[PDB]
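pasting an experimental structure, sequence included:
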Amino acid sequence: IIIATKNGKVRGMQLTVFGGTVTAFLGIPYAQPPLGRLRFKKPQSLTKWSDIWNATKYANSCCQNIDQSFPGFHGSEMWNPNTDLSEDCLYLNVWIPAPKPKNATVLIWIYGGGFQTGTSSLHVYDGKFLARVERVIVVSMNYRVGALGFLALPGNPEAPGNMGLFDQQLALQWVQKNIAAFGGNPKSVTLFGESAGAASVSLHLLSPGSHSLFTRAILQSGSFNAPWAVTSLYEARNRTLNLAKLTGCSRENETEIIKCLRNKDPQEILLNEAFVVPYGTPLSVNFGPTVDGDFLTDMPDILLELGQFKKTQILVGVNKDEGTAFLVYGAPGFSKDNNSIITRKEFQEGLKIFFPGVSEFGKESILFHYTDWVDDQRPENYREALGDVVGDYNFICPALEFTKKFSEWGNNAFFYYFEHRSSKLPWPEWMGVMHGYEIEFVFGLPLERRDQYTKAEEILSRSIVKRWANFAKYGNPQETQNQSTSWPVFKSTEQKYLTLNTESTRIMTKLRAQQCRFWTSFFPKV
Ligand SMILES: Cc1nccn1Cc1cn(CC[C@H](NC(=O)/C=N/O)c2ccccc2)nn1
Ligand SMILES: *[C@@H]1O[C@H](CO[C@@H]2O[C@@H](C)[C@@H](O)[C@@H](O)[C@@H]2O)[C@@H](O)[C@H](O)[C@H]1NC(C)=O
Ligand SMILES: *[C@@H]1O[C@H](CO[C@@H]2O[C@@H](C)[C@@H](O)[C@@H](O)[C@@H]2O)[C@@H](O)[C@H](O)[C@H]1NC(C)=O
Ligand SMILES: *[C@@H]1O[C@H](CO)[C@@H](O)[C@H](O)[C@H]1NC(C)=O
Ligand SMILES: *[C@@H]1O[C@H](CO)[C@@H](O)[C@H](O)[C@H]1NC(C)=O
Ligand SMILES: *[C@@H]1O[C@H](CO)[C@@H](O)[C@H](O)[C@H]1NC(C)=O
């Protein structure tokens with residue numbers, strides 16, 4: 001019940017799940033807290049301790065702005081942090097099966113949130129189900145987000161960038177040294193994450209410093225080649241002094257600017273984060289990954305194209321309606337409380353919100369490819385198109401392109417297309433299979449029959465959990481026991497993927513081919 005780690009001794013707690021027991025270690029620190037002088041830089045090695053650490057409750061979430069656009073609405077507040085915010089937040093969690101396993105495959109989860117939000121404490125990231133059903137060990141960590149974690153003056157150790165990525169990486173190192181004492185196999189470690197977390201997974205594939213810290217990778221609705229995924233160094237530094245003039249920390253010795261930024265309380269840093277870009281976006285990564293030259297040594301699209309990444313198996317996938325979630329965060333004519341039927345001109349106004357610094361002809365190119373309807377007169381035409389426009393551009397096509405380029409270098413890749421709409425999804429029905437609402441199925445939440453999910457969702461979650469675990473343990477996401485569809489490798493020629501839903505899991509080819517060619521061949525030119 002008490003585990004001796006290579007820097008201290010931690011105590012956990014027992015949980016009863018499905019007539020069994022899971023040992024949970026909540027909130028274990030993996031770094032000296034990045035407070036005071038340590039704010040904005042790479043995490044430092046946590047030094048030894050003497051007590052028995054009582055890791056029996058989620059630790060603090062990292063500082064972050066909160067989605068306040070729907071106060072009291074579970075669809076929005078589900079994602080807001082559910083522990084205290086604090087700069088002292090570099091902690092992790094461990095779920096081990098009871099009784100303690102011997103050489104268990106370890107799953108490391110990295111949450112999403114546009115690199116500005118998110119926390120491991122979330123209800124839909126509970127790894128107790130996974131530990132019980134599949135007797136894998138589940139780990140998740142808190143990493144700094146927003147400017148406190150991704151402010152960048154490139155070169156400057158006082159603020160080099162990618163600190164939150166380096167946070168993640170130090171947690172992977174902690175698993176390498178300590179997960180053996182928990183009965184886990186450091187030689188069988190699968191990273192998985194969602195959206196921004198999924199982009200981080202793909203970045204750990206490029207980053208040499210992480211190659212020795214995991215074996216395989218799963219990417220859910222995200223990859224680094226997504227337009228929101230990596231910030232330039234041009235706009236990065238523009239974004240730091242814009243934050244310095246907003247805080248009155250404009251100096252000219254870049255190190256002395258940082259010292260000024262450290263005696264500002266976290267709330268003032270959070271407040272100015274928004275106004276740092278002139279024309280924001282529902283998907284505006286104001287402070288995100290950069291080519292720091294330390295974690296990310298080159299422009300990631302070049303590393304990808306030229307095969308400069310860890311060779312291993314990936315599992316990639318997207319949801320049917322990735323885009324809809326963002327339409328009600330600014331797009332005109334949209335709301336979560338009506339059918340959101342928009343017209344042609346509400347659509348065109350919606351493009352300017354999602355593509356603000358894009359030419360007039362560029363906006364017209366998007367309109368021409370998505371408003372040549374399979375047929376006119378349907379009232380949802382413009383509503384559905386703009387959802388797809390945001391989905392195809394920001395998630396679906398970059399994930400597909402990432403998978404093709406990765407597979408061309410000879411590794412097994414598996415692609416899925418999640419198209420089940422949760423029967424408990426709070427948002428309306430026109431928003432479809434929303435971005436983020438496969439996570440509960442991955443973590444096995446429909447397995448708790450007390451949780452209001454239908455039987456079919458329990459079956460679908462049960463198979464997904466099996467497929468995910470098999471991929472983690474054996475590199476192949478099959479469900480061999482029940483007479484279920486086999487999941488084929490994604491080859492760059494045939495481009496086979498598997499659909500996931502309650503009815504049928506069918507095998508199809510070349511997902512969103514016409515739409516994705518537009519986004520990946522002729523739109524990057526504008
Ligand atoms: C982790 C996750 N998985 C599925 C969904 N989510 C959360 C989420 C949030 N938003 C739009 C609002 C935006 N947050 C982002 O995370 C941007 N990403 O690009 C934001 C910025 C600052 C302050 C409050 C909110 N859309 N989904
Ligand atoms: C850490 O926890 C120790 C034991 O906690 C208590 O006993 C266990 C078996 C559970 O029943 C738990 O809910 C109880 O609170 C304490 O004796 C010790 O003081 C704690 N240390 C610190 C620093 O909080
Ligand atoms: C860089 O930032 C410049 C300043 O932006 C303006 O001032 C900041 C403090 C914010 O309030 C912002 O909303 C304002 O627009 C921009 O004028 C400039 O376009 C940015 N980009 C470049 C490449 O210089
Ligand atoms: C766990 O499996 C790895 C696989 O190579 C092996 O090298 C290691 O010795 C095993 N350890 C235990 C404790 O079973
Ligand atoms: C900036 O200030 C720091 C701290 O005073 C100093 O070490 C450094 O040399 C300065 N750089 C320049 C270019 O003046
Ligand atoms: C396989 O089907 C049985 C019923 O025949 C069910 O109880 C079990 O949970 C299923 N397993 C998986 C992994 O889907």
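Structure's in. What do you need? Numbering: from 1, shown residues only. Ligands and ions are numbered 1, 2, ... in the order given.

what sits against the most centrally placed residue in the chain?
The residue lying closest to the centre of the chain (C-alpha atoms, centre = their mean) is residue 197, at 2.2 Å. Residues near residue 197 by C-beta atoms under 8 Å, 6 or more residues apart in numbering: 109-113, 118, 220, 222. Bear in mind the C-beta positions are built from the backbone N, C-alpha and C, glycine included.

what's the answer for residue 321, then?
Contacts of residue 321 (C-beta under 8 Å, 6+ apart): 387, 391, 431-435.

apart from its chain neighbours, what residue comes closest to residue 388?
residue 323 (6.1 Å; C-beta to C-beta, 6 or more residues apart in numbering).

scan the contacts of residue 197 and report the most crowded one.
residue 222 (29 neighbours; other C-beta atoms under 10 Å).

and the gap between it and residue 89?
22 Å (C-beta to C-beta, to the nearest Å).

helix/strand/coil for the nearest residue to residue 85 once chain neighbours are set aside?
Residue nearest to residue 85 in three dimensions, not counting chain neighbours: residue 63, with 5.0 Å by C-beta to C-beta, 6+ apart. Look at residue 63: counting by DSSP: H, G, I helix; E, B strand; the rest coil, its state is coil.

and residue 345, by the same measure?
helix.

mind listing what whatever residue of the chain ends up closest to ligand 4 touches?
Nearest to ligand 4 in the chain, going by C-beta to the nearest ligand atom, is residue 103, at a distance of 3.7 Å. Residue 103 is in contact with 183-185, 188, counting by C-beta under 8 Å, 6+ apart.

how many neighbours does the residue of the stretch 1-150 of the chain found nearest ligand 1 have?
Residue of the stretch 1-150 of the chain nearest ligand 1, by C-beta to the nearest ligand atom: residue 114 (2.4 Å). Residue 114: 20 surrounding residues under other C-beta under 10 Å.

what about the closest residue to ligand 6 within the stretch 1-150 of the chain, which helix or strand?
Proximity of the stretch 1-150 of the chain to ligand 6 (C-beta to the nearest ligand atom) peaks at residue 133, 8.7 Å away. Using DSSP states H and E, the element containing residue 133 is helix 128-134.

show me what that helix is packed up against.
strand 13-17, strand 20-29, strand 91-98, strand 137-141, helix 455-474 (3 or more C-beta pairs under 8 Å, 6 or more residues apart in numbering; DSSP states H and E).

now tabulate those in CSV and tack on mean neighbour count and distance to ligand 1.
CSV is the format used below for those (neighbours: other C-beta atoms under 10 Å; distance: least, C-beta to the nearest ligand atom, whole Å):
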stretch, mean neighbour count, distance to ligand 1
strand 13-17, 14, 24
strand 20-29, 21, 20
strand 91-98, 24, 17
strand 137-141, 26, 13
helix 455-474, 20, 17
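
can you tell me the element the closest residue to ligand 6 within the stretch 201-350 of the chain falls in?
Nearest to ligand 6, among the residues of the stretch 201-350 of the chain, is residue 315, at 16.9 Å (C-beta to the nearest ligand atom). Taking DSSP H and E as the criterion, the element that holds residue 315 is strand 314-319.

can I get the helix holding residue 133 in CSV? Just the C-alpha atoms.
Output of helix 128-134 as CSV, limited to C-alpha atoms (Å, rounded to 0.1, in the frame of the first residue of the first chain):
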residue,chain,number,x,y,z
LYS,A,128,-9.3,3.4,-12.7
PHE,A,129,-11.6,1.7,-15.3
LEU,A,130,-8.7,1.0,-17.6
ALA,A,131,-6.5,-0.4,-14.8
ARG,A,132,-9.4,-2.7,-13.7
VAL,A,133,-10.7,-4.1,-17.0
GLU,A,134,-7.3,-4.4,-18.9
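
and it, how far out from the chain's middle?
21 Å (C-alpha atoms, centre = their mean, to the nearest Å).

what's that helix in contact with?
15, 17-18, 20, 22, 24, 95-97, 107, 136-138, 443-445, 447-448, 462, 465-466, 469.

rewinding a little: show me what contacts the residue nearest to residue 388?
Counting by C-beta under 8 Å, 6+ apart, residue 323 has contacts 386-392, 394-395, 435.

could you find the closest non-adjacent residue to the residue of the stretch 1-150 of the chain found nearest ligand 3?
Residue nearest to ligand 3 within the stretch 1-150 of the chain: residue 147 (13.7 Å; C-beta to the nearest ligand atom). For residue 147, ignoring the flanking residues on the chain, the nearest one in space by C-beta to C-beta, 6+ apart is residue 287 at 4.3 Å.
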